[PDB]
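The chain that follows stands alone, in the form deposited in one PDB entry, written as structure tokens.
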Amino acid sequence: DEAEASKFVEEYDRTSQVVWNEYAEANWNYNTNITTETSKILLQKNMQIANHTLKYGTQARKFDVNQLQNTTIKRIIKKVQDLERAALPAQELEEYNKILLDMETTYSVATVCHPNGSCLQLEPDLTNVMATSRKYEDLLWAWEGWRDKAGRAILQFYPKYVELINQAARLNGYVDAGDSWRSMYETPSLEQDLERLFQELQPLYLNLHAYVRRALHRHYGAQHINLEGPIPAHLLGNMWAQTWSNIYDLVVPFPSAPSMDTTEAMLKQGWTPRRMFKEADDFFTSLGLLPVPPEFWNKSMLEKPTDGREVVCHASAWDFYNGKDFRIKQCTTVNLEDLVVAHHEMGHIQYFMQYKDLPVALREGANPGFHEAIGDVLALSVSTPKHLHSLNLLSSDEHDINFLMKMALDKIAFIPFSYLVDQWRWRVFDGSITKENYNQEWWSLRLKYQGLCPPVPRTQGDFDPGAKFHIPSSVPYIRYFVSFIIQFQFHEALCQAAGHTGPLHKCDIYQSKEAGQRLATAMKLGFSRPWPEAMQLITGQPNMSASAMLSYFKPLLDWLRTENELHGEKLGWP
């Protein structure tokens, strides 16, 4: 029986590589060239890979995992018994695949038009408006418009999507889709663990919120900002108010200490998307890590096509499962924000390359959070004023606070948002939130966790969650919350390994081979062992902890408390 098991795994692996490689090709062609033809081909490939999953999944379920001796064989087979969507009857499967495609397409080609005829796409048009406009009404137009066109358009598909993904989940032994997604962490205490982590970062977030609210009150007027209430969701420089670094100009702690226009600098010296990824590639190699293959530079879509072609612009990294072909698809814009995103994606590519020799079933991160954290860890070092200056993109306590504030506007503000998304979906999946209450519960969470309010009252028919990529694209979000916490834990450990001393926020692990070695050994494990082991390999301990992130921002937390205190701020929103 143990012999049939190792043989089954070998067969599953060699056949999966081929079928998955073909699927990736079709999926890539659609993503980088949305047409009726590429869509039709993708849906056909869905049926093919599903047929393969059903065949091997059915066989896998015939094994009594309890009797299997080899742990690795045991782990792979248990995983293969989960057919995911392939567990659905042929009819429901095709309907489910079409629904996913329709939601993705609808989101990626949606536009917001003006009376004249000027229509704006999310990237880069609407994104730019949200980031640079300081006019309440213009920000509102873009904010409401996007939700009117993308969000409302997704509502007709969601209820059916929920029914079908939940059905597939139950057919694989789970109570619902949320349960299925959470299982990716193999951590029974997950919900409680995440809640405790969230609570530890509350004091810092609430102080940042109150400080930013005061600055907005200063700029937009007392008639539009309640100093004791939530903040209008369209004033944070980002379409979803998930990161607030774009309004840094409105909240600079010490305006006397000017900061170079990084974007202007990048554009000034002709930085290009290719250059941006080249720099990222250099950071990884400086650590002794792997460089992307030549094939990467030739097949990746690092810029939005002018081809008159329609594509899915949202940044993503691709593993074509042949251990050679890896690509990135991103409509990269030349600015610091996208430079960080470029590192984020290159981090995914590094993970792909690091575990490319493990059985395909184990080719994943220790847990989804780890996969999201790698790139961010390096980006933390890249973002330091000193490193940016070394790239000729930049030119002291007050400078420390200004820097920490810029970092907090992104990293801290994102904590409650990243926590909220799946708290909403898990309740949709378990039936607690019906389609009658989709939007109302989304905003109750938006208020409860982020302390935000909608600038325009929502009405029946609105489906704001649909206006956030990951919702219609059905990509789990809790991984980003985990990532933001652990990436600081990794930063802390890597810096210590690099011999750094002094304030953690001043660390730059560039060229540190000791740092790279820890990330490499951890990444090489793929999904072969419980994630606490990969956590231990990198940090010397096995748990997730907010200590590193709090330590990184300590100087800022103290400054914020003193600042908010002297202005008599009332934290929170009664």
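Counting begins at 1, following the sequence as shown. Only residues modelled in both forms are compared. Each form is matched to the other, and the largest set of C-alpha atoms that superpose within 1.5 Å is called the rigid core.
Colleague: None, 1 to 3, 4 to 9, or 10 or more: how many residues of the deposited sequence lack coordinates between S395 and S396?
Modeller: Count of unmodelled residues in between: 4 to 9.
Colleague: Given the B-factors recorded for C-alpha atoms, which segment has the greater mean, 244-252 or 411-419?
Modeller: Comparing 411-419 with 244-252, the higher mean C-alpha B-factor belongs to 244-252.
Colleague: If you average the CA temperature factors as listed in the entry, which stretch comes out higher, 347-355 or 398-406?
Modeller: Stretch with the higher mean C-alpha B-factor: 398-406.
Colleague: Quiz for you: based on the deposited Cα B-factor, which of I154, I165, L302, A317 is highest?
Modeller: Highest CA B-factor of the listed options: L302.
Colleague: Among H470, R213, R196, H500, where is the Cα B factor highest in this entry?
Modeller: The C-alpha B-factor peaks, among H470, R213, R196, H500, at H500.
Colleague: Per the entry's values, where does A534 land by CA temperature factor relative to the rest of its chain, in the lowest, middle or highest third?
Modeller: Middle third of the chain for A534's C-alpha B-factor.
Colleague: If you rank every modelled residue in this chain by C-alpha B factor, which third holds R274: lowest, middle or highest?
Modeller: Top third by C-alpha B-factor.
Colleague: C-alpha B factor of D125, ranked within the chain: lowest, middle or highest third?
Modeller: Answer is middle: the recorded C-alpha B-factor places it there.
Colleague: Just say lowest, middle or highest third for the CA B-factor of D179 relative to the other modelled residues in its chain.
Modeller: It falls in the bottom third of the chain.
Colleague: With respect to C-alpha B-factor, does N31 fall in the lowest, middle or highest third of the chain as deposited?
Modeller: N31: CA B-factor falls in the middle third of its chain.
If you look for the form deposited in another entry, you will not find it shown, but the lines that follow are about it.
Colleague: Can you tell which of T58, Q517, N33, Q511 moves its Cα by 2 Å or more between the shown form and the other one, with the two forms laid on the rigid core?
Modeller: Everything else stays below 2 Å; the exception is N33.
Colleague: Given a superposition on the rigid core, I'd like a yes or no on whether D307 shifts its C-alpha by 2 Å or more between the shown form and the other one.
Modeller: Yes, the C-alpha moves 2 Å or more.
Colleague: Once both forms are aligned on the rigid core, what are the runs of 3 or more consecutive residues with C-alpha shifts of 2 Å or more between the shown form and the other one?
Modeller: Shifted runs of three or more residues, which all move 2 Å or more: 29-44, 304-314.
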